[PDB]
Amino acid sequence: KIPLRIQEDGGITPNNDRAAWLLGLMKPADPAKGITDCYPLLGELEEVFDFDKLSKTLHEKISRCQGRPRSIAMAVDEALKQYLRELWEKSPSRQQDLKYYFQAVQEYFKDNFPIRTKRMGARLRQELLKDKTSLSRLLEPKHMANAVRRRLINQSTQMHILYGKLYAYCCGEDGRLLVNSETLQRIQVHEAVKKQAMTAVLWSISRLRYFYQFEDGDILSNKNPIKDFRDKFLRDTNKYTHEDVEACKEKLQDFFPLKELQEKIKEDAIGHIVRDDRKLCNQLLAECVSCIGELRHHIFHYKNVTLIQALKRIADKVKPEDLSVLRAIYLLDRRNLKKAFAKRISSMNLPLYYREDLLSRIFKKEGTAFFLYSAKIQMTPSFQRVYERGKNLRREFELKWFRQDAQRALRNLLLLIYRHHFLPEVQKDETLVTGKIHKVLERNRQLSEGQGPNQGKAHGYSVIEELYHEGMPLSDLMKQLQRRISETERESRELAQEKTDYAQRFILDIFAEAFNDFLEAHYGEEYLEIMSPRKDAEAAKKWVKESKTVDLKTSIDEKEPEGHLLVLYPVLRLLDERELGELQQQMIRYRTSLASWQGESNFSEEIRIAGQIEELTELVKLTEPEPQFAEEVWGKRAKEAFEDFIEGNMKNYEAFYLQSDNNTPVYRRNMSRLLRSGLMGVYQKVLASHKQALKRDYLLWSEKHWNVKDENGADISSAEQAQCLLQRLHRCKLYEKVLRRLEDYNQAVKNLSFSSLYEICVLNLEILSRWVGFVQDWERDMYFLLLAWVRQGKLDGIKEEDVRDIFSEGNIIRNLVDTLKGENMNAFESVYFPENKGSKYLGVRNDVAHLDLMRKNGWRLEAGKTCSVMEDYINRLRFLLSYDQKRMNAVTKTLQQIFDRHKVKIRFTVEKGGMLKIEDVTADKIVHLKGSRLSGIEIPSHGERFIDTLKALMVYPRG
């Protein structure tokens, strides 16, 4: 049962004694009164509960355990139960509160002194029990009393948040969602999509700050100072010279297609605006502000329970009539779906490995069924996972497919058919996927019988066979498979991974079989040409000239863009590829969850609109502008962004930057991506004393001439021979230097080509995006916390309306301080951690939400501070998220996961007062020839320069 029940008169009543007890725990007291504790009942209980005698008795019991962690744990638990029992017996008047208090202390002692060590944390705690200092600290009467209080306080806060969400959704005006068991899941799904949508909005505002060259101010506000600045921006010739105009147009080009728009109008109402460079930039920026500004103050607030309803409301206010420039760009990019696929084909070396006749055989065949984006539902595997599983399934067999730059082109070719042609047909008919289920199931049963009886436990598809009969559609079984994943994950973290693996393992098998069969029925004879990759220089050149003939099929109307979809376009076009993917997956999860529901609203639009948004996301990704340069552009932003990272002068290193064009011409693809991210301003100040392009790396690349010889004594003079030599041994110390030389060669080429710097730039944006997500979780939690406090008369002088003004006006930190005064401010501050006080960690939300780390000014400290900038944010963020646990300690857990993804390791040390300091960032150790014969060769996954320059970013100011 849900611990709260929604009444007919608008109130909410606890559904259990524990719920009411946790609801009534908090009772604010003003500093004028003697009471300074917001939880006086806890004070009375800790006065009753003598922890000194507990500590003394437990120490005496442990003294006879001879230091054995298991014996110590048993002694503590028996003495615990004894002491709890006489405390219960001699205290009859307060038994109800004591019940929950012994529940809390038992939970604490079970967490710290685990009886059962089937989990890693329990084993680590038992190992820590060996240290005398650790046992002495854990036995402290006080420390052990404060932690018991904190566990009770955290439960009270979390139960109060549940009150806020139920009132905000199911009791606001007319009960938008009927109260039921499924209510909690529906609210979580609605909140998840909104926060991600809000997260994408904050990333777009950074670009507006970048374009206007304006900071420390709300660019989206309509007050007289800021509004006047934007209206006359880039208009006055006296203040904004033509060179200033050129710089702004260059930044906008990386995101919006401007040269294409100007060319189209010249070939052919709004021509006067576009023909002038000054007016085109001014008008386009203003329309983005109007769409983003109203989008910011619509996702939250209460007239729109769903994100879709918030989009319709903005569409009515912001019509396409004043969005004329946005409409023109939308129509151009939708119409330019011919070139978009043409450059996509060339980008993956497709025409430089295959002839035109075979390429036209697949794509252009009496009208193609290549759709831009299928309505593929959640859990459908991506191409990469199925391809890796396909070869592994072939590995044991070594079907007719999944056979083995040559392999890169084959993977790229098979990706295009999978995601553009195979999936839409799977959506139409499900017999391709559902019909192949039995073949996978029968194969695994034979595998199980091939093992010993002692190893045949936990058959992989045992549960799947129970769920599966003959007749359900793919989606229905897909819902069934997802149903088992969600239900089991709530039971145990250990079994969640072991049972999410068996579900996904079957998922990879079933899709591979259908993909193989589908290819036979459609191509048949072009098979042997597919895996016959032939290099051809002249083939690529003709495809570049003769292009823009391949066609795609979309459901988007070609004449009238819809009102709601047009609002999203400035937000989507101002995001990077990493952010676009994250938002797209949320709509897939949102739409899929909606389908399983049977709510009494008939929907019929949320499902339809969500599919439209996903298709629009794919269109934006394909039509990404690709301006090479305009001759002078090289002697511009591109030049004044990397000269400080290169030793000597650009006159040197001429051989490396003037190689064959291929896919990396005189302009580096990485060098263009670094500028687009907008972080080069930060790196010119932080990583200034780290030369990315050195002479030592250049000398090693050009003058190759290794002393190494082959197995026959012949010298190696090219990396191609060594790679063949390295792979030849793959299929003693002589090959020690062979792979070491290649690894040292790779580090030089990665440093010179700026591929090492781009790795950090992707790494840096992953850290920032996670911190923005933490802020969104905190902001929505405080909204529901204050909402419940206003109800049932817990806050004073704060009416219902004032809370909505704090979180829906701007500068939440400022309004929260002003509105909450005296008792309320003290009551609100009783949930966080005073670990190192500071009394200013609430101000880190502005630093994260506004993305101050993406600017030169944001990378600065104060006189008092000593820890580095990255170390500074972590401490405040941990304090900010200290209102509840898990999230507080997830700041460093996700940071380690992100570094793990890049094959790097980071370590943190606990200082005095709980402050965390970065000790070192060490590279991983990838092993080749593992286990086989000699001990596995250990080599770092990254070079010396990459680790050193990554270290400086993490500790910019100092240690």
# chains A, B, ... in the order shown; residues from 1 in each chain; ligands from 1
>>> residues_around(residues="segment 566-574 of chain A", least_positions_apart="5", cutoff="9 Å", atoms="only C-alpha atoms", output="ChimeraX atom specification")
/A:200-201,203-205,207,255-256,287-289,291-292,295,311,314-315,318,320,323,326-327,330,561,580,613,616-617,620-621,624
>>> closest_atom_pairs(of="segment 141-213 of chain A", to="segment 817-834 of chain A", cutoff="8 Å", atoms="only C-alpha atoms", output="tab-separated table")
residue	atom	partner	partner_atom	distance
A:153	CA	A:831	CA	7.4
A:154	CA	A:831	CA	7.6
A:157	CA	A:831	CA	7.5
>>> residues_around(residues="segment 508-524 of chain A", least_positions_apart="6", cutoff="6 Å", atoms="only C-alpha atoms", output="short mmCIF file (atom, residue, chain, number, x, y, z; two decimals) with C-alpha atoms, in the first residue's frame")
data_model
loop_
_atom_site.label_atom_id
_atom_site.label_comp_id
_atom_site.auth_asym_id
_atom_site.auth_seq_id
_atom_site.Cartn_x
_atom_site.Cartn_y
_atom_site.Cartn_z
CA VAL A 386 24.06 -7.08 -32.66
CA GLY A 390 26.82 -11.83 -34.53
CA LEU A 432 10.63 -11.81 -39.02
CA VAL A 433 11.57 -11.42 -35.34
#
>>> select_by_dssp(residues="segment 630-839 of chain A", states="strand (DSSP E or B)", output="list in words")
residues 646, 693, 709 and 715 of chain A
>>> select_by_dssp(residues="segment 50-97 of chain A", states="helix (DSSP H, G or I)", output="PyMOL selection string")
chain A and resi 51-63+69-90+95-97
>>> residues_around(residues="residue 415 of chain A", least_positions_apart="2", cutoff="12 Å", atoms="only C-alpha atoms", output="MDAnalysis selection string")
chainID A and resid 345 348 350 382:387 408:413 417:423 515
